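Keeping their order, the protein sequence lines are chains A and B.
First residue of the first sequence? That's 59 in this note's numbering, and the numbers climb one at a time after it.
First residue of the second sequence? That's 1250 in this note's numbering, and the numbers climb one at a time after it.
We put the CB at the ideal spot given by N, CA and C, even for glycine.
Structure, as structure tokens:
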Amino acid sequence: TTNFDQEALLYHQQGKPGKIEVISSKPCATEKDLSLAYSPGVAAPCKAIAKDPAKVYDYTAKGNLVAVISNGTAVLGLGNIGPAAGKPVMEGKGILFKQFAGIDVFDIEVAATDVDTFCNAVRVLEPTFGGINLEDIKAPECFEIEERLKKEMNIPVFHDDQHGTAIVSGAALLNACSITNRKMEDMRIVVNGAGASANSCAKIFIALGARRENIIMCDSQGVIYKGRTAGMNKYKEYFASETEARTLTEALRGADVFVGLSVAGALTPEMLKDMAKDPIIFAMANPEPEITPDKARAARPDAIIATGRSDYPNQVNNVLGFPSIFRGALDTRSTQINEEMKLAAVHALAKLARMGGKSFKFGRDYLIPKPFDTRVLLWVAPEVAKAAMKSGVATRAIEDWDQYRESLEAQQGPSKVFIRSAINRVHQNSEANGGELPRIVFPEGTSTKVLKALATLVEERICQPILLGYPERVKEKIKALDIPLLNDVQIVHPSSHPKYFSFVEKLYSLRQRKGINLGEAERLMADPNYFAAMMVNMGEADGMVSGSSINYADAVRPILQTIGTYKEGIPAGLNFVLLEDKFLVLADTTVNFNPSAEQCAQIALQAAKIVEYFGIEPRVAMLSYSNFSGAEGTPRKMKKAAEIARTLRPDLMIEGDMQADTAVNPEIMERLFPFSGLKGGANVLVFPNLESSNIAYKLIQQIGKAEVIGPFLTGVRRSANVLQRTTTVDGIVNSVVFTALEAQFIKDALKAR
Amino acid sequence: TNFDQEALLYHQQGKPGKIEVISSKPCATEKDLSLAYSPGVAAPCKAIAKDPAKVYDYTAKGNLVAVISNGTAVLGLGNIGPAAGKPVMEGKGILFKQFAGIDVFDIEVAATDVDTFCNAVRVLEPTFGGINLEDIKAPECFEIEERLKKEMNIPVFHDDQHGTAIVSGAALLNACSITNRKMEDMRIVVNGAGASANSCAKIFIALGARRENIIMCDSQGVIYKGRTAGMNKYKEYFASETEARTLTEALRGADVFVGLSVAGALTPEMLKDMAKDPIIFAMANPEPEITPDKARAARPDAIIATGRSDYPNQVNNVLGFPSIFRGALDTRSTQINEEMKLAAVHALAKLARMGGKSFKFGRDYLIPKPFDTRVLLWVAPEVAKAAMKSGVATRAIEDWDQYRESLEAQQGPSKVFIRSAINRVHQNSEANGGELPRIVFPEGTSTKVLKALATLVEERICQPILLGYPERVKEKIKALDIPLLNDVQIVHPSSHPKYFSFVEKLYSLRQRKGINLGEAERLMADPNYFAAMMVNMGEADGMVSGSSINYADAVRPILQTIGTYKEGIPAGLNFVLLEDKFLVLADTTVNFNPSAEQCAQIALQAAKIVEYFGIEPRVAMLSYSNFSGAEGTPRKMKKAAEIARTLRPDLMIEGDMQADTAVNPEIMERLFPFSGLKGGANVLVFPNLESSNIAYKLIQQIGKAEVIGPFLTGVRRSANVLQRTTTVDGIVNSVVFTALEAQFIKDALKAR
Ligand SMILES: CC(=O)SCCNC(=O)CCNC(=O)[C@H](O)C(C)(C)COP(=O)(O)OP(=O)(O)OC[C@H]1O[C@@H](n2cnc3c(N)ncnc32)[C@H](O)[C@@H]1OP(=O)(O)O
Ligand SMILES: CC(=O)SCCNC(=O)CCNC(=O)[C@H](O)C(C)(C)COP(=O)(O)OP(=O)(O)OC[C@H]1O[C@@H](n2cnc3c(N)ncnc32)[C@H](O)[C@@H]1OP(=O)(O)O
Ligand SMILES: CC(=O)SCCNC(=O)CCNC(=O)[C@H](O)C(C)(C)COP(=O)(O)OP(=O)(O)OC[C@H]1O[C@@H](n2cnc3c(N)ncnc32)[C@H](O)[C@@H]1OP(=O)(O)O
Ligand SMILES: CC(=O)SCCNC(=O)CCNC(=O)[C@H](O)C(C)(C)COP(=O)(O)OP(=O)(O)OC[C@H]1O[C@@H](n2cnc3c(N)ncnc32)[C@H](O)[C@@H]1OP(=O)(O)O
Ligand SMILES: NC(=O)c1ccc[n+]([C@@H]2O[C@H](COP(=O)([O-])OP(=O)(O)OC[C@H]3O[C@@H](n4cnc5c(N)ncnc54)[C@H](OP(=O)(O)O)[C@@H]3O)[C@@H](O)[C@H]2O)c1
Ligand SMILES: NC(=O)c1ccc[n+]([C@@H]2O[C@H](COP(=O)([O-])OP(=O)(O)OC[C@H]3O[C@@H](n4cnc5c(N)ncnc54)[C@H](OP(=O)(O)O)[C@@H]3O)[C@@H](O)[C@H]2O)c1
């Protein structure tokens, strides 16, 4: 097993067994609350439901809970493994459910291998569950089970295989047809394979506007022809086309859309020559796609390529369809899931792809929205609800949409989507630039944490790393760590680069009158930190990430000495604390020992600019130990800093001084100090000295369940970032992601000048 | 209906459910998605293919029970349907999680028929690691229990019958063993041997009783031979030899009276006719069967242990199912065995028989209070012993020390710290003749203070001496509609009989510090100064203030009047109660910029409090550098750590560190293995006021941990100052700990 395999194995091993747990929604520790929960004060909701049964949806979590039910017979690529071993997949499905829609998930791995036991056992769980997701059931049992369940149950039932990927496939097909200006009246599709996904795709395409005679079904044995005596399954013979294309090679003559859903290797360049004008190719059977996009473009440049892998664009992911469907169904309190909801979802996905703080560009490489696009939910969950306003079988029938919009936004706070949006923005910036990752120089080439994070960063295509150090030693360390992904990395020895002496001359010219001459300049450039700073300054790299193996002072001194600050800029750290519904920005945590009022105001302005880059209105607060006291010492300095920042940036909302609770709690400020101009809480917090900010952010990172990312060195001319020496692998990954974002922004700003 | 509306908020409150499901493992990134979803999620699956039992090592099956039901008998109500019973099942689940740390699902089976219910629960076997099916109808409960025990391996447990049996046996064994009678030969009569009483009688006969040695008289008369009224196939398991039918003749009141059903049937004439030492268990209906006062008045020589929460000797299921099911789960036990039931009842009896002290085992402490922390820590290991002895646990058994460590970790400070503080307050009050500490509140006309005082006086913690106008505060109390405050003591500072003596003593204290008789008379009108003088002169045990005014103006009179003891420095002490440990931040209120000696003294004081709370203190002098010793704060922190080490050479106090290095053992061991601090630091000493204040306030607000404080340490007497931005529950916690400190200081002053 590789390093990733071992990490995945230990993912469910370390700490508490499993991944999911059940906790009280609100705190319950007091004896009065315990009596409210144990003494017969909890019988009152039962009596309330007694007079109104359906009202239970508002009297419990049933309306916000989804079953995830499987028998362990179609677990990914494992085939039949039994319900016992199908538990971690259900846990992962529930994790994805909560991540992408915010719905509580109950994973039930029922041991009903027989169809009758499944049907007569699932039906009895109806009154206590708000919706069921069937999955991981092998054919042909799954089709019959779902068909019986849909009629025999009065609450929505969804199958991730019978109505799963086919929604994203239909959205991609709609976008491809719009690109090719071809209507659904005369379209040719050959759905290779005879699995659940193939039949689901065929059914939804037929219900979408395709003609059943035009479409054909192909499998391992061959194309189902008229009067076929092989494959006596009812579902297989249902999608039987009267033709003579049993041969695989000749079955694709004049094929408008490949939509291939068979194992890898079923497509060849000679086979690719058999497609019709402007064909569309779909991958299948991860992790090996049906055909590589590069060879498809080389052989047939007029074609359109869609894949099921993260590496190549146009990723068909099953996570785009189910979470929004279920969120819309439950919030609208729908009593069933019909084809109208799925068609509405397909239309919404196609519309979103056709048309944080930015988006992609419509084209041949963007037919469906990326799975990391949060707006997906906001653009398809209401639409399903819209279908619930027309199709029917839905109670409640919410009359508002903005309230629904903000309710949906409440379930996608920064703690869930901030890093995902940052990585998506990095990908958008790289792809819009031609497809080159920013060059990030790592002075610590022989650092275990840096290399272990570089494996993930290279796999995720975030940055192009340039490790500094002796090539032999870093290669030995990579081989010892067993990372078969950094073997092709670029390693640059400091005193071997062709531009090394140019860097020495540049540093000598910069600081000739600051205590450095040629003899000292060469020795300084021998250091990896100074060489990395010079590389970043001179344009040989976009950014740099150092300080993992040394203290912050001697890791940030070369950056300030070489790269320096820009006009009217002060170097300053900056941390993002990603809470449930907001992210706070603490500044500064790393550089300034005891900033004055002017320095505090400048730090506040820099932090506000960084916040505004992310599309969030900044509200600065000058933290202190006193609430608008203005007394001698820190309160006076914070008051003066707030006034200076207000004069510099009048349109903002700055106020000081105040304590942390007054700043970050709008209710406290409104109740106690209604005169202050800061309304709604503060997302930017400027600290009086270094000890306060450093200790506060480290304590929040350690003992607080919230996640902090940083510190990021702001106020420097180029994109230089220093990691805290106590960082972890994930901290390095996040910091490198945001360093790549900053480097791309700085490079784009430089170019557009 | 706000009590129901509280759960309706729990059902809306930006959260539409009483319970919710979160992810213990992180899920925020594409790598995390690959780890949790396909194709990475296939990697553990192939691991489980070799051995199915490895699910207990991979998935959350081990810590997963369910409250299965059908709504046939839900709480104090008859048949209601599976749909309408969900809130009570969710309450059972949250009780499970709170008192045992067990994740629990809420499944309702919409089937009154036995066959479908049994089929569904049997087929849910690999889904769940344990079954706590509860609130099903009877006597079909016996049938479903037997069928499920015979069908699948995982332990099926009916909470009602067996938990009632365990609690009844625990209350009965100690009572019988102290009444000069035996539970095996002396003819006990009891009341009931059916449904839950059937399990009660089975537990009794397993604990010494029998069918022939013990004559059983039922709640529904008697289930002996003859009369066939209200008979079923599962009732004659305890036929007796008494041949009478009427309660007067069938029941002669021989040894005990354990009623579990039917309305109140206990007459004073019958209690007089009872032979000797009436042991009465009158849980029965949701409503009390017979009130304990009437039964006690009927027989003065009677020892009555009712089964209601309104009276002492409480009987509850929280001493039953949680600990025993935790024990069964931890060993991956197969099915449910009687031996574990007798082990649990013996553990409860021993715990009942054997902070500062505990309530005397007499007529009031037959069983401990049904929320005590030691209950689980005692019952669960014994249930594990029984499960191992019965040979039903497939999983191997390790040393019991690690098991006890895990059981203790199941209930960290965040769940039990305030409750244990309240219990210690009550124990100190009981050990002091029932007197409560007198706490004087300078702000007698503060809405938050009065609202918190309602709960504080309802919980019997402190005695308010609210200062201010005797009429204005009464008007405020009437406006806020708090009845319990109608009997509190209101003192006008300028009209108290001891006002002039206090003025004279204040003038004597600070005659050479800018205060003369006129200025002392002017200052004693201040409620803060008067409360401080009251505490200093012993007329009140403690005081809390600052809920409306800023900290400086609220703490200056305390420092000027009460002062600091020898070798003491005033400091603010905050407790951050995390899931596994509690940190102590100091100082957060007073010292603008303490020096090395001041920081060392603050650390010593904080270590003293931590030692008082029964935890080994580990001190860390926080800074922005990691053992750098550079000019400025790092050098001051290093010097302070050295001074504190020389002062108390038995604690582990380590240099200057960042917060992450201090509170994380892994970072400390990996980066700085040359240090003397091991296992993390539970005491943090900050270099200045801004750092500590901002850190504690930010942790309180944006963190998910509970911060209680700040507490004023280093003063001669008990006197705390609340934060201006405090809430009602914060005031409640601060007053609880102020009362605890006042009791400790009064006890210290009583001697010498
Ligand atoms: C995540 C963590 O680990 S946080 C740890 C806490 N932080 C620390 O321990 C480090 C705190 N900072 C410091 O100790 C220092 O201020 C350092 C390391 C930034 C600089 O060391 P110093 O001896 O003060 O300065 P140094 O000689 O390196 O100065 C380098 C350059 O920075 C510039 N500089 C430093 N601070 C500032 C500032 N606030 N504004 C503008 N320029 C500045 C100087 O002008 C100088 O430029 P020059 O070469 O043209 O003269
Ligand atoms: C994306 C995130 O997460 S952070 C988002 C932050 N949002 C913002 O709006 C950031 C605000 N702006 C900034 O931080 C910066 O000032 C930026 C991004 C505008 C970049 O400013 P820069 O382009 O680096 O300024 P710079 O001073 O280098 O450019 C002016 C010229 O002076 C030159 N120059 C100035 N000082 C020096 C020096 N010491 N040595 C050499 N050249 C110098 C530069 O080479 C440049 O010349 P060029 O354009 O021919 O190459
Ligand atoms: C929870 C929150 O909101 S925390 C808010 C942040 N904290 C604050 O704003 C308050 C910080 N503390 C202070 O400002 C001051 O130190 C105060 C208010 C406590 C008192 O300091 P001063 O106002 O200078 O005191 P003052 O001159 O009135 O004397 C008061 C007494 O306190 C004593 N005292 C004050 N600080 C100390 C100390 N660190 N050690 C010993 N004694 C002390 C003085 O000796 C004096 O006693 P004395 O009259 O017998 O000589
Ligand atoms: C419980 C928690 O959570 S925190 C745990 C840790 N807490 C602590 O350590 C708090 C410490 N608080 C205390 O009171 C200390 O334990 C003590 C008892 C040692 C302090 O002693 P003090 O309160 O200073 O009193 P002291 O020992 O001086 O009293 C002896 C005599 O001096 C007299 N006295 C002392 N100071 C004065 C004064 N200013 N004016 C008049 N008489 C005085 C007392 O009247 C007493 O006389 P008596 O024998 O006739 O009764
Ligand atoms: N969007 C996605 O990335 C996505 C979504 C869902 C599922 N999946 C993948 O789908 C798989 C599970 O579902 P499935 O229905 O695809 O399983 P599957 O039915 O086993 O997939 C292959 C089947 O297609 C037929 N087939 C056609 N041409 C074939 C050929 N040349 N070689 C072999 N078989 C050929 C065979 O069926 P006959 O023997 O009956 O002819 C074969 O059993 C997993 O790999 C899962 O990851 C991917
Ligand atoms: N130890 C505990 O914490 C504990 C235990 C149990 C109950 N309670 C409390 O008691 C309430 C629940 O009541 P419950 O009925 O489930 O438990 P219960 O009153 O202790 O059980 C008595 C059972 O006997 C039967 N019975 C026979 N005659 C009866 C009569 N006249 N009235 C009532 N029942 C009669 C009923 O079963 P049939 O309907 O099958 O005859 C009933 O379920 C809740 O408030 C709950 O909190 C607490």
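- Within the segment 241-291 of chain A, the complete beta strand (DSSP E) segments of 3 residues or longer fall at 248-250 and 274-276, listed in chain order.
- About 14 Å separates the beta carbon of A1908(B) from that of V1868(B), a gap too long to meet the 8 Å contact definition.
- Residues of the same chain with a CB within less than 7 Å of the CB of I1403(B), apart from the 5 flanking positions on each side, are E1374, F1377, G1378, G1379 and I1380 in chain order.
- Inclusion of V321(A) in the 6 Å shell around ligand 5 follows from its C-beta lying nearer than that to a non-hydrogen atom of the ligand.
- Here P1713(B) is buried: its Cβ has 16 or more other Cβ atoms, across all protein chains shown, within 10 Å.
- Assigned with DSSP and collapsed to three states, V550(A) falls in strand.
- For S320(A), the closest alpha carbon among the candidates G527(A), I661(A), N257(A) and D612(A) is that of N257(A).
- Burial is judged here by how many other beta carbons sit within 10 angstroms of a residue's own beta carbon; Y624(A) has fewer than 16 and is exposed.
- Closest by C-alpha distance to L1568(B), out of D1542(B), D1253(B), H1595(B) and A1277(B), is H1595(B).
- Not a single C-beta of chain A is nearer than 7 Å to the C-beta of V1984(B).
- Annotation: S1941(B) to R1965(B) spans about 23 Å, alpha carbon to alpha carbon.
- For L425(A), same chain residues with a beta-carbon under 8 Å away, outside a window of 5 residues either side, are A229, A230, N233, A234, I237, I362, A364, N372 and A411 in chain order.
- For the pair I225(A) and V438(A), the Cα-to-Cα distance works out to about 12 Å.
- For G1791(B), no alpha helix (DSSP H) run applies; the uninterrupted beta strand (DSSP E) run containing it begins and ends at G1791 to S1794, by DSSP.
- Under DSSP, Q522(A) shares a beta bridge with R497(A).
- Counting C-beta atoms within 10 angstroms of its own C-beta, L154(A) has 16 or more neighbours from the protein chains shown and is therefore classed as buried.
- Against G762(A), the close residues of chain B are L1947, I1948, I1951, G1952, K1953 and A1954, in the order they occur along the chain (beta-carbon pairs closer than 9 Å).
- Taken atom to atom, the span from the alpha-carbon of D369(A) to that of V126(A) is near 29 Å.
- In this structure, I1539(B) sits away from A1547(B), with a CB-CB distance that is not shorter than 7 Å.
- With a threshold of 16 other beta carbon atoms within 10 Å, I1271(B) falls short and is exposed.
- When secondary structure is reduced to three states using DSSP, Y1873(B) falls in the coil class, being assigned neither helix nor strand.
- Considering only beta carbons, no part of the segment 483-502 of chain A lies closer than 8 Å to chain B.
- Using a Cβ distance threshold of 7 Å, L644(A) and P472(A) do not count as a contacting pair.
- For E1860(B), the nearest beta carbon of chain A is not closer than 7 Å to its own beta carbon.
- Within a 10 Å sphere around the beta-carbon of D1504(B) sit 16 or more other beta-carbons, which makes this residue buried.
- In this structure, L1989(B) has its CB at a distance of at least 6 Å from all heavy atoms of ligand 6.
- Proximity of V1314(B) to chain A, defined by a Cβ-Cβ separation below 7 Å, is not satisfied.
- When 7 Å is used as the limit between beta carbons, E1255(B) is near these residues of chain A: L94, in chain order.
- Here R1575(B) is not near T1643(B), since their CB atoms are 7 Å or more apart.
- Within the same chain, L576, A579, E580 and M583 come within 8 Å of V562(A) by CB-CB distance, once the 5 residues on both sides are set aside.
- Cα atoms of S607(A) and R1668(B): separation of roughly 45 Å, rounded to the nearest angstrom.
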